[PDB]
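> One structure coming up, written as structure tokens, with questions to follow.
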Amino acid sequence: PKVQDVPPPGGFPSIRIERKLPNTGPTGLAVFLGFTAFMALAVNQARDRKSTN
Amino acid sequence: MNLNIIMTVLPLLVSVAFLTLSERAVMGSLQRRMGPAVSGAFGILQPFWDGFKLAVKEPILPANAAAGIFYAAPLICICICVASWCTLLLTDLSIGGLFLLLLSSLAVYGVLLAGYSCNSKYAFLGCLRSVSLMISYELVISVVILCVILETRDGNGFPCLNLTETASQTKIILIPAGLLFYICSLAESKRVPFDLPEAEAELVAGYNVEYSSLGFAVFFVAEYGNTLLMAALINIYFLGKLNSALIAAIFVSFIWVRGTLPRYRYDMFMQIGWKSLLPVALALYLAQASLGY
Ligand SMILES: CCCCCCCCCCCCCCCCCCCC(=O)O[C@H](COC(=O)CCCCCCCCCCCCCC)COP(=O)(O)OCCN
């Protein structure tokens, strides 16, 4: 009939089409510093074990 | 004999069945599906249906293959899995983990024999590819074990590889070697990243696909059993005393990594094992050796 599916008056609200770049976070240097610290702690634990044994 | 063997074998069978159920339960959860619900209500009984049904299916007479080797391949795998678990839980063998390494080098035979049964020109290459992967990542596992033995000493100070003594202390120094042990364990179980088979095996290139009865059943059960053994070894060596929860968690981790990572091509994984994993494991070995006693 005279009533058909027509877009609502004023149009539809805007949508997002483009991609979102989310590459934020931890990087290489922090991992290196953390690994270095963990390795030092491991070396200390190793020495303590090797002496007690 | 001893009553302990019953107390080891029965838990392995139950656990392997629920390992198979877990594999799909996790994959469904990752893909917004649900655990199988038509087999029963709780879902506890889902694997038993598959095994019992596989028993019912009519046997197929062997074709153009030696009967002995065909029967032998399941027996070999079902023997290696049993010996491994029973030497992991019920023995005091000073070099017990070295024995486990030997038992893992014998898993190559089952794949090879299965390939031989096909006797196809394509299948000869396909089996050679699988065995190449297993031997290549077994070398790396051996180097990692060498790293494990430098840090493992007993109360009397005697160097050894007793699973109870390596388990007794947790050493954070070894964690760099545990990552390599975990990647190699993925490779030895032919998980997705190192799952060369699936792409080649869509067509009948050759594999355990030939069996379709009690023979096929044991292979799949053994596959999960080996994966669980690797999880136990990762726990016993790098994560302290044996914990059932940890073994299950490591298996779940295997499934998670499987899901999240695409497979590799033949050349790529083998190039990773020779020119990436092996130099890293050698550097970790030399570093641990140079740290000293
Ligand atoms: C840098 C610090 C400076 C100090 C020097 C120390 C050197 C590092 C020593 C630390 C020991 C830990 C090393 C971790 C293992 C990684 C091995 C090396 C990394 C690597 O080369 O990348 C790829 C190997 O990883 C892979 O891709 C294997 C496949 C991975 C699939 C399965 C992954 C499982 C999850 C990861 C393990 C996590 C455990 C618990 C979840 C090769 O690839 P490439 O071709 O790019 O390199 C070739 C480029 N010419």
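Here the protein sequences come in this chain order: Z and H. The opening position of the first sequence corresponds to residue 19 in PDB author numbering, with each subsequent residue numbered one higher. The opening position of the second sequence corresponds to residue 1 in PDB author numbering, with each subsequent residue numbered one higher. Note that the Cβ used here is the ideal one computed from N, Cα and C, for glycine as well.
1. Please determine, among Z:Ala64, Z:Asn71 and Z:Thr42, the residue with the shortest C-alpha to C-alpha distance to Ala289 of chain H.
2. Since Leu51 of chain Z meets chain H, which of its residues come closer than 8 Å, beta carbon to beta carbon?
3. Return the residue from the list H:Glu200, H:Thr152, H:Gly273 and H:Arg129 that minimises the CA-CA distance to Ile172 of chain H.
4. Specify, as a first and last residue, the run of the alpha helix (DSSP H) that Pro197 of chain H falls within.
5. Tell me, to the nearest whole angstrom, how far the beta carbon of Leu261 of chain H is from that of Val192 of chain H; I am working on the premise that it is less than 8 Å.
6. Against chain Z, with Cβ distances strictly below 9 Å, would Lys241 of chain H count as a contact?
7. Do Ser22 of chain H and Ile234 of chain H have their CB atoms nearer than 9 Å?
8. Using a cut-off of 7 Å between C-beta atoms, extract the partners of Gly178 of chain H located in chain Z.
9. Below 8 Å, can you find three or more Cβ-Cβ pairs linking the region 123-137 of chain H to the region 198-209 of chain H?
10. Using a Cβ-Cβ cutoff of 9 Å, what residues of the region 43-69 of chain Z are near chain H? List them in chain order.
11. If the cut is a Cβ gap below 9 Å, which residues of chain H does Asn71 of chain Z touch?
12. Answer yes or no: does any C-beta atom of chain Z fall closer than 9 Å to that of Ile183 of chain H?
13. On a CA-only basis, which of H:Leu179, H:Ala283, H:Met7 and H:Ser189 is nearest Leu90 of chain H? Give me that one, please.
14. Leaving out five residues on either side along the sequence, give the residues of the same chain with a beta carbon under 8 Å from the beta carbon of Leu174 of chain H.
15. Verify whether the separation of the beta carbon atoms of residue 355 of chain H and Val140 of chain H is less than 9 Å.
16. Any heavy atom of ligand 1 within a distance shorter than 8 Å of the CB on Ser189 of chain H?
17. What is the C-beta distance between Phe99 of chain H and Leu106 of chain H, in whole angstroms, given that I count them as a contact (C-beta under 8 Å)?
18. Quick check on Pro36 of chain H: does DSSP put it in helix, strand or coil?
19. Going by beta carbon distance, what residues of the same chain come within less than 8 Å of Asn64 of chain H, once the five residues before and after it are set aside?
20. Leaving out five residues on either side along the sequence, give the residues of the same chain with a beta carbon under 6 Å from the beta carbon of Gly115 of chain H.
21. From the DSSP output, in three-state form, read off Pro19 of chain Z for me.
If we stick to the structure as given:
1. Here residue 289 of chain H refers to the residue found at position 289 when the second sequence is read from its first residue. Measuring C-alpha to C-alpha distances from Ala289 of chain H to each of Z:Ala64, Z:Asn71 and Z:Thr42 identifies Z:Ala64 as the nearest.
2. The count along the first sequence starts at 1 and reaches residue 51 of chain Z at position 33. Per Cβ cutoff of 8 Å: no residues; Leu51 of chain Z is ~16 Å from chain H at best.
3. Reading the second sequence from its first residue, position 172 is the one you call residue 172 of chain H. In terms of CA proximity to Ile172 of chain H, H:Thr152 leads the group H:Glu200, H:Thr152, H:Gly273 and H:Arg129.
4. Counted from its first residue, the second sequence places residue 197 of chain H at position 197. Counting along the chain, the unbroken alpha helix (DSSP H) around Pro197 of chain H starts and ends at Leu196 to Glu200.
5. Here residue 261 of chain H refers to the residue found at position 261 when the second sequence is read from its first residue. Here residue 192 of chain H refers to the residue found at position 192 when the second sequence is read from its first residue. That belief holds up - the Cβ atoms of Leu261 of chain H and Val192 of chain H are roughly 6 Å apart, short of 8 Å.
6. By one-based count along the second sequence, residue 241 of chain H stands at place 241. Residue contact check for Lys241 of chain H against chain Z: no CB pair falls below 9 Å.
7. One-based indexing of the second sequence puts residue 22 of chain H at position 22. One-based indexing of the second sequence puts residue 234 of chain H at position 234. Taking C-beta atoms as the reference points, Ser22 of chain H and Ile234 of chain H fail to come closer than 9 Å.
8. Your numbering for residue 178 of chain H matches position 178 in the second sequence. Residues of chain Z passing the Cβ test: none, with the nearest at roughly 12 Å.
9. With three or more CB-CB distances shorter than 8 Å, the region 123-137 of chain H counts as touching the region 198-209 of chain H.
10. If the cut-off is 9 Å between Cβ atoms, the region 43-69 of chain Z has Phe53, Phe56, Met57, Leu59, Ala60, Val61, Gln63, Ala64, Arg65, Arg67 and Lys68 near chain H.
11. On the first sequence, position 53 is the one that residue 71 of chain Z refers to. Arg153, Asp154, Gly155, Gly157 and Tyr293, listed in chain order.
12. For this step, residue 183 of chain H is matched to residue 183 along the second sequence. Output row for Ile183 of chain H: interface = no.
13. For this step, residue 90 of chain H is matched to residue 90 along the second sequence. Of the residues H:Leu179, H:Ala283, H:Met7 and H:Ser189, the one whose Cα lies closest to the Cα of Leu90 of chain H is H:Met7.
14. Residue mapping note: residue 174 of chain H aligns to position 174 of the second sequence, counting from 1. Answer for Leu174 of chain H: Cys147, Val148, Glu151, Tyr237 and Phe238, listed in chain order.
15. As shown, chain H starts at 1 and ends at 293. That puts residue 355 of chain H outside it, with no answer to give.
16. For the purposes of this step, residue 189 of chain H is taken as the residue at position 189 of the second sequence. No, the Cβ of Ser189 of chain H stays beyond 8 Å of every heavy atom of ligand 1.
17. As a position in the second sequence, residue 99 of chain H is number 99, starting the count at 1. As a position in the second sequence, residue 106 of chain H is number 106, starting the count at 1. Contact annotation, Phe99 of chain H with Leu106 of chain H: C-beta distance approximately 11 Å; criterion of less than 8 Å not satisfied.
18. The count along the second sequence starts at 1 and reaches residue 36 of chain H at position 36. Note: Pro36 of chain H maps to coil in three-state DSSP.
19. Along the second sequence, one-based indexing puts residue 64 of chain H at 64. Excluding residues within five positions, the ones whose Cβ falls inside 8 Å are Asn119.
20. Taking the first residue of the second sequence as 1, we reach residue 115 of chain H at position 115. Correct list, in chain order: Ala123, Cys127 and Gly206.
21. On the first sequence, position 1 is the one that residue 19 of chain Z refers to. Here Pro19 of chain Z sits in coil by DSSP.
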